[PDB]
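J.: Experimental structure below, sequence on top.
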Amino acid sequence: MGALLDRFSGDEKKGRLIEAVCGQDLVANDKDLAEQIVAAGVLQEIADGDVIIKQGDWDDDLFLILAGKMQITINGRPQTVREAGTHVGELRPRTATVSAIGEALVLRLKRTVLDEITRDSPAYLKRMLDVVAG
């Protein structure tokens, strides 16, 4: 479908999406960094049961969960569920088989593009250093 997607795509819903991105672990109300991550990434609507990540795979991809819920799973056993505002994958092959619990919207990025954004943000770099305690 695109009902969720449609709530977010186009110049029309640019604000709502940017607004959404800021309320993420990594962005932490750094707007410039979202506006960049907005441009860098591709919105995807995901059906209930739809896999964004096979585990054992080498997807450099990392998804911002903008709306809905993702069920992390390892070796057959449910782990966490990430939700609106969180992210999935990395920061080695793939840890977990992430899948969608209900309709979910994500923003998909490549490790590569991600870090050239990462690496230019004093703000993010500062925030990853603070969380580096043993």
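T.: Structure's in. What do you need? Numbers count the residues shown, from 1 in each chain.

J.: Which stretches in the protein count as helices?
T.: Here the chain has its helices, by DSSP state H, at 3-6, 14-22, 31-40, 111-118, 122-130.

J.: Now the shortest one: buried residues?
T.: Within helix 3-6, the residues that qualify as buried are 4-5, counting by 16 or more other Cβ atoms under 10 Å. Placement of C-beta: from N, CA and C, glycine included.

J.: same thing with the second one?
T.: Using 16+ other Cβ under 10 Å as the test for burial, helix 14-22 gives 17, 20-22.

J.: Kindly reformat the residues you listed as a markdown table containing distance to residue 5.
T.: Listed next are the buried residues of helix 14-22 as a markdown table, based on distance: Cβ to Cβ, whole Å:
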| residue | distance to residue 5 |
| --- | --- |
| 17 | 11 |
| 20 | 13 |
| 21 | 15 |
| 22 | 20 |
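
J.: and which of the residues you listed is nearest to residue 112?
T.: Using Cβ to Cβ, residue 21 comes nearest to residue 112 of those, at 18.8 Å.

J.: Near the residue nearest to that closest one when sequence neighbours are not counted, how many other residues are there?
T.: Distances taken as Cβ to Cβ, 6 or more residues apart in numbering place residue 34 nearest to residue 21, at 3.7 Å, with adjacent residues excluded. Residue 34 has 23 neighbouring residues, counting by other Cβ atoms under 10 Å.

J.: Having no further points to raise, I will conclude here.
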